[PDB]
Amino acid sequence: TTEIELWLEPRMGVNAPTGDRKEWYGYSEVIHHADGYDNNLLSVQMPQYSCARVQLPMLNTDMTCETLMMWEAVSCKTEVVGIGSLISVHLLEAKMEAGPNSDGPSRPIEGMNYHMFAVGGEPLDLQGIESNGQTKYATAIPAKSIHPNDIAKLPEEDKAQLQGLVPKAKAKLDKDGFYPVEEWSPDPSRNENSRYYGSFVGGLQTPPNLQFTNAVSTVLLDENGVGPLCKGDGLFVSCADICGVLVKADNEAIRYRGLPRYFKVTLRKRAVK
């Protein structure tokens, strides 16, 4: 038996409280309707998956032996923190929800809620897609994010295929704040050594629906009673928690809002062949 705790901070676009965008950590950069067509869509405008690898106590001195020991993740407790902050109606720079001569409340955080968490023994497998195959993305050296066609490398005239399923558009979630949610999803064709759980509610004004409790556990064992086996004695957790949007007052454009997620994974030892 053993237990592992850690926090995953949100990666909505502004992924660090530094630089010019310092004051909007935990948010995305402002997004307009023609972005990606009038201009190049920035990394800071695309909410990304969070990820982390935890080094577990190394179990095998000689890895050449036929019978080895491995950490097996049996269950997990996970929770999104800071949900109470979403009741705010005094949001900075946010649009007022009232008539022209009023002094009413600001728009609260509302809209798209995308929530996923994953526990596995190796990086999460991702499948790429594009809502618009010809969306213009900015490029920097080094790269601040990675998009499906950076791997599939289809000709520019063939990028409409990315609106369906491109088998070459696959990747591993091997870097935090690097894979945009709107382009990558957990790959159901793989992820045999991982468990992921996701839900999505669209719309711009949809009421956010979130729960939080410390009395619920997610069992990670499969039908055979075997959970994720941590290769290299590494535990891989990943998440994504878009909780809604903020509506700017001046031009009504939006930023996504994310919240931190907590993990407590319970592991046992298993002998493998």
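Residues carry their position along the shown sequence, with the first being 1.
When the two stretches 171-179 and 83-91 are set side by side, the higher mean Cα temperature factor goes to 171-179. Of the two segments examined, 233-241 and 64-72, it is 64-72 that shows the higher average Cα temperature factor in the deposited entry. For the set 108, 186, 99, 148, the maximum C-alpha B-factor listed in the entry falls on 148. Of all the options 119, 140, 126, 201, the entry's greatest CA B-factor is assigned to 140. Among the modelled residues of its chain, residue 254 has a C-alpha B-factor that falls in the middle third according to the deposited record.
Annotation for residue 50: CA B-factor lies in the middle third of the chain's modelled residues. When the CA B factors of the chain's modelled residues are split into thirds, the value for residue 207 lands in the lowest one. In this PDB entry, residue 247 carries a Cα temperature factor that places it within the lowest third of its chain's modelled residues. Among the modelled residues of its chain, residue 190 has a C-alpha B-factor that falls in the middle third, as given in the PDB entry.
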